[PDB]
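> Following this message is one structure expressed as structure tokens.
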Amino acid sequence: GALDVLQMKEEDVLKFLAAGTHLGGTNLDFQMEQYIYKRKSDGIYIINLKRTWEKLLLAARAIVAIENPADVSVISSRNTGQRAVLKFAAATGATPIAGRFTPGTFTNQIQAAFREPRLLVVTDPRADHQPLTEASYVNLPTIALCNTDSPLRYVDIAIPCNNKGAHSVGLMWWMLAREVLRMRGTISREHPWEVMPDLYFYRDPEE
RNA sequence: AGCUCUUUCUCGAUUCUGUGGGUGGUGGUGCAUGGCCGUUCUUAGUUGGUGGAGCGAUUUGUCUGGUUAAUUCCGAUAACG
């Protein structure tokens with residue numbers, strides 16, 4: 001949005017630059033091209049950082065529009081997102097799934113794990129492909145974190161970022177939790193937040 | 001064998017006689033059947049419900065690999081129980 005109270009600050013841009021979020025792959029799909037700045041002299045694509053903040057605020061404006069927070073469902077089958085989805089679902093009251101998704105969880109009405117959500121958020125479209133294709137049987141809207149070579153086939157909001165691993169995946173979930181809590185009125189739009197980004201990251205060498 | 005022939009005593013309503021109808025049968029059909037037994041077959045095999053795939057007969061589950069006397073376990077996984 002145009003508003004100064006929604007503008008991206010220097011201190012967020014330095015946190016993007018520090019985590020590698022702007023660095024894509026060597027390949028580009030034709031659906032992702034509007035999110036790209038340029039290709040480097042070494043064959044790597046640069047993701048446009050202002051495009052990310054608009055698509056992340058549009059995603060937060062979808063998540064705030066659900067009146068019961070337990071109706072939102074949150075997923076990661078790769079390890080680099082598992083700590084991050086567990087912390088996101090603690091900070092705001094969504095339902096997490098981590099590890100293997102069981103086929104038929106959304107469509108086998110009798111099943112012990114059966115559930116019926118209103119919004120679905122996924123960490124990587126190529127890896128999390130079961131809950132994406134299974135959402136096509138039940139009228140379920142979708143948000144996803146997309147790299148330059150991600151296949152867009154059932155996602156309704158794609159957020160441009162490096163999703164390969166490490167600090168970049170944890171930072172995106174932390175920043176999405178910050179803005180949903182801000183615009184619902186639970187924390188300040190000006191005072192810094194008490195939760196450090198480093199709480200969401202995956203398994204750097206411990207000692 | 002009073003079976004039958006000659007003879008002349010005996011019993012007492014129980015039988016005899018014609019028609020209808022029964023009853024019995026190690027008689028016929030095991031290619032009309034039940035029950036029982038043998039064999040395919042001594043091996044590891046077989047099947048619903050709800051979900052997914054095909055216009056359909058059908059299929060997945062019931063598996064690439066390792067392990068076991070074993071569809072026995074581990075694990076993998078559009079299937080779950």
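FYI, nothing fancy with the structure tokens labels: chains A, B, ... in order, residues from 1 per chain, ligands from 1 as they appear.
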Which chain A residues are at most 8 Å from chain B (counting only C-alpha atoms (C1' of nucleotides)), as a PyMOL selection string?

chain A and resi 102-104+107-111

> Store the residues picked out above, limited to C-alpha atoms, as a PDB file, in the first residue's frame.


```pdb
ATOM      1  CA  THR A 102      -1.082 -38.050   5.255  1.00  0.00           C
ATOM      2  CA  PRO A 103      -2.970 -38.266   1.888  1.00  0.00           C
ATOM      3  CA  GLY A 104      -6.728 -37.723   2.371  1.00  0.00           C
ATOM      4  CA  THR A 107     -11.062 -35.327   1.900  1.00  0.00           C
ATOM      5  CA  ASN A 108     -11.406 -38.699   3.792  1.00  0.00           C
ATOM      6  CA  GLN A 109     -14.296 -37.595   6.113  1.00  0.00           C
ATOM      7  CA  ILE A 110     -13.982 -40.690   8.429  1.00  0.00           C
ATOM      8  CA  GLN A 111     -10.169 -40.479   8.990  1.00  0.00           C
TER       9      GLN A 111
END
```

> Please identify the alpha helix (DSSP H) residues within stretch 10-198 of chain A (assignment by DSSP from backbone atoms) and present them as an MDAnalysis selection string.

chainID A and resid 10:17 49:63 82:91 129:134 167:183

> Take atom CA of residue A:152 and atom CA of residue A:128 and report the distance between them in Å, one decimal.

12.5 Å

> How many Å separate atom CA of residue A:13 from atom CA of residue A:126?

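Atom CA of residue A:13 sits 27.5 Å away from atom CA of residue A:126.
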
> In Å, with one decimal, what is the gap from atom CA of residue A:4 to atom CA of residue A:63?

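Going from atom CA of residue A:4 over to atom CA of residue A:63, I get 21.6 Å.
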
> Excluding same-chain residues fewer than 5 positions from stretch 39-54 of chain A, what lies within 9 Å of it counting only C-alpha atoms (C1' of nucleotides), as a list in words?

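Using only C-alpha atoms (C1' of nucleotides), the neighbours found are residues 1, 7, 8, 13, 16, 21, 22, 23, 24, 25, 26, 27, 28, 34, 59, 147, 148, 159, 160, 161 and 162 of chain A.
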
> Find the residue from A:132, A:127, A:36, A:143 that sits nearest to residue A:62; use only C-alpha atoms when measuring.

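Smallest separation from residue A:62 among the options: A:143.
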
> Report the residues of stretch 28-180 of chain A whose backbone DSSP state falls under strand (DSSP E or B), written as a VMD selection string.

chain A and resid 36 to 39 45 to 47 72 to 76 95 to 98 119 to 122 142 to 146 157 to 160

> Can those selected residues be exported to a file as a CSV table (one decimal), in the first residue's frame so that it contains N, CA and C atoms?


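Result written to result38.csv:
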```csv
chain,number,residue,atom,x,y,z
A,36,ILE,N,11.3,-10.2,-10.8
A,36,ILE,CA,12.8,-10.3,-11.0
A,36,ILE,C,13.3,-8.9,-11.3
A,37,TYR,N,14.4,-8.5,-10.7
A,37,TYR,CA,15.2,-7.3,-11.1
A,37,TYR,C,16.1,-7.6,-12.4
A,38,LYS,N,17.0,-8.5,-12.3
A,38,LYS,CA,18.0,-8.8,-13.3
A,38,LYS,C,18.7,-10.2,-13.1
A,39,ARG,N,19.4,-10.7,-14.1
A,39,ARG,CA,20.3,-11.8,-14.0
A,39,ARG,C,21.8,-11.3,-13.9
A,45,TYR,N,19.7,-15.2,-10.7
A,45,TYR,CA,18.6,-14.2,-10.7
A,45,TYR,C,18.5,-13.4,-9.4
A,46,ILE,N,18.3,-12.1,-9.5
A,46,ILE,CA,18.0,-11.2,-8.3
A,46,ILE,C,16.5,-11.0,-8.2
A,47,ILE,N,15.9,-11.3,-7.1
A,47,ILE,CA,14.5,-11.1,-6.7
A,47,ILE,C,14.4,-9.6,-6.3
A,72,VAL,N,-7.0,-21.4,10.1
A,72,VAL,CA,-5.8,-21.3,9.3
A,72,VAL,C,-4.9,-22.5,9.5
A,73,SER,N,-4.4,-23.2,8.5
A,73,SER,CA,-3.5,-24.3,8.6
A,73,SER,C,-2.1,-24.0,8.0
A,74,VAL,N,-1.0,-24.5,8.6
A,74,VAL,CA,0.4,-24.1,8.3
A,74,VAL,C,1.2,-25.3,8.1
A,75,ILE,N,2.0,-25.4,7.0
A,75,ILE,CA,2.7,-26.7,6.6
A,75,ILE,C,4.2,-26.5,6.3
A,76,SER,N,5.1,-27.4,6.7
A,76,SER,CA,6.4,-27.6,6.1
A,76,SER,C,6.9,-29.1,6.2
A,95,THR,N,-3.2,-23.8,13.1
A,95,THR,CA,-2.9,-25.2,13.3
A,95,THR,C,-1.7,-25.6,12.5
A,96,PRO,N,-0.6,-26.1,13.1
A,96,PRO,CA,0.6,-26.5,12.4
A,96,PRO,C,0.5,-28.0,12.0
A,97,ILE,N,1.2,-28.3,10.9
A,97,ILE,CA,1.5,-29.7,10.5
A,97,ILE,C,3.0,-29.7,10.1
A,98,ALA,N,3.8,-30.6,10.7
A,98,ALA,CA,5.2,-30.7,10.4
A,98,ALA,C,5.6,-32.2,10.1
A,119,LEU,N,-8.2,-21.5,5.3
A,119,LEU,CA,-7.0,-20.9,4.6
A,119,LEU,C,-5.8,-21.8,4.8
A,120,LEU,N,-5.0,-22.0,3.7
A,120,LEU,CA,-3.8,-22.8,3.8
A,120,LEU,C,-2.5,-22.1,3.4
A,121,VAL,N,-1.5,-22.2,4.2
A,121,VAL,CA,-0.2,-21.6,4.0
A,121,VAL,C,0.9,-22.7,3.9
A,122,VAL,N,1.8,-22.6,2.9
A,122,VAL,CA,2.8,-23.7,2.6
A,122,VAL,C,4.2,-23.1,2.3
A,142,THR,N,-5.1,-20.5,-1.1
A,142,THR,CA,-3.7,-20.8,-0.8
A,142,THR,C,-2.7,-19.7,-0.9
A,143,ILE,N,-1.8,-19.6,0.1
A,143,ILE,CA,-0.6,-18.7,0.1
A,143,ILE,C,0.7,-19.6,0.1
A,144,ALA,N,1.7,-19.2,-0.7
A,144,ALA,CA,3.0,-19.9,-0.7
A,144,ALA,C,4.2,-19.0,-0.9
A,145,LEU,N,5.4,-19.4,-0.3
A,145,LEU,CA,6.7,-18.8,-0.5
A,145,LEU,C,7.4,-19.3,-1.7
A,146,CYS,N,7.6,-18.5,-2.8
A,146,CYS,CA,8.1,-19.0,-4.1
A,146,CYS,C,9.5,-18.5,-4.5
A,157,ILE,N,-1.8,-16.5,-3.6
A,157,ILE,CA,-0.8,-15.5,-3.3
A,157,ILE,C,0.5,-16.2,-3.3
A,158,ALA,N,1.4,-15.8,-4.2
A,158,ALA,CA,2.8,-16.2,-4.2
A,158,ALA,C,3.7,-15.1,-3.6
A,159,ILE,N,4.6,-15.4,-2.6
A,159,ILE,CA,5.5,-14.4,-2.1
A,159,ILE,C,6.9,-14.6,-2.6
A,160,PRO,N,7.5,-13.7,-3.4
A,160,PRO,CA,8.9,-13.9,-3.9
A,160,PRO,C,9.9,-13.9,-2.8
```

> Check the smallest atom-to-atom distance from each of A:166, A:64, A:112, A:140 to residue A:186 using only C-alpha atoms, then report the winner.

A:64
